[PDB]
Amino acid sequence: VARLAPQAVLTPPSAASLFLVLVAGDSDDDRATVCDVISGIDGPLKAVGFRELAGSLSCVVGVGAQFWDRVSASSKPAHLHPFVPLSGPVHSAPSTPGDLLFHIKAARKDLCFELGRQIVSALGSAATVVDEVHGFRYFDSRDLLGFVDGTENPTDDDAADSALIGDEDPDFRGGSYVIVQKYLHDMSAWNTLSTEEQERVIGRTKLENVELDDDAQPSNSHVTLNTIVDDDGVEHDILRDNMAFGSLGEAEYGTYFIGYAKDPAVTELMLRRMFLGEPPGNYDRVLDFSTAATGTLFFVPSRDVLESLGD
């Protein structure tokens, strides 16, 4: 695992996270300020992270397609475009604003909050926060629906192969594409279901986190709809880093979805299967209890490309 290195996509789950999404100002000065801050993001990452012996603090910067075109008009990753909104038969995935993403993780909340503070300070009037979630780990790697969340993530070389751009787009080798969606749950509706009904919605057993048998696995379970098999029988993964969040006084119980892929075609096909259904109409039952409030796609440059921005 990388130590205090920007753009460390492959880091393991953490106890705390911060997801910041910002819009950049329209002026040339604002664009220059944003590029200065993000290209030098190793500065604040080390300024905060070096203070913890374990060096758990990580920070991944994503850049939206529209802002990318403002700063790197003549060179662009092959599949960078704004999040494509989905209108399913029942549920929809909106496309909401965002020019910059900071995906910050650490063993402690203070490290995440302080790095966010320093970044927001440095950006000043050049950018505006449009979404902010301070995520926390919930029991034994569970989400607020009470299921272990992240089990089938690829790890190690499989994670690198699934998440990072390779030979297919060599100018951007080592970058990634990340999609975020902030989901809010209907906990009263969810906790109406029996455990076995919930297991059929997800596709795994609840306490024990075991995938349902083939002959028990619904065609519209979350697991089935998010399993991506090509014509050669090869499976394709994304790398997810979801975290819980919420407010008891707003009855807000949330899962913040974040998913990295070497090609957003994989993540986008998962989203189509979830929202539109496979076959069409046979959509993901998780969406009957979970509403996406945001949806934004970013390019994650390699460190070399990030350092170059604004030049």
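Start at 1 and count along the sequence shown; that's the residue number.
Asks: Return whichever of 203-211 and 82-90 has the greater mean Cα B factor according to the PDB record.
Replies: Per the PDB record, 82-90.
Asks: Which is higher on mean Cα B factor in this entry, 233-241 or 68-76?
Replies: Stretch with the higher mean C-alpha B-factor: 68-76.
Asks: Between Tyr138, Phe102, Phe172, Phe147, which one tops the list for Cα B-factor in this entry?
Replies: So the option with the highest C-alpha B-factor is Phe172.
Asks: Between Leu269, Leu276, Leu45, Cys35, which one tops the list for Cα B-factor in this entry?
Replies: Comparing C-alpha B-factors across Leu269, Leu276, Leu45, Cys35, the top value belongs to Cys35.
Asks: Based on the entry's values, in what third of the chain does the Cα temperature factor of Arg31 lie: lowest, middle or highest?
Replies: Its C-alpha B-factor, which the entry lists for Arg31, ranks in the highest third among residues of this chain.
Asks: For the chain shown, is the CA B-factor of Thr11 in the lowest, middle or highest third of its modelled residues?
Replies: Highest third, going by the recorded CA B-factors of the chain.
Asks: According to the PDB entry, is the CA B factor of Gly249 in the bottom, middle or top third of its chain, that is, lowest, middle or highest?
Replies: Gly249: CA B-factor falls in the highest third of its chain.
Asks: Taking the values exactly as deposited, rank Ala54 by C-alpha B-factor within its chain and report the matching third: lowest, middle or highest.
Replies: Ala54: CA B-factor falls in the highest third of its chain.
Asks: Ranking the modelled residues of this chain by C-alpha B-factor as given in the entry, is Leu123 in the lowest, middle or highest third?
Replies: It falls in the top third of the chain.
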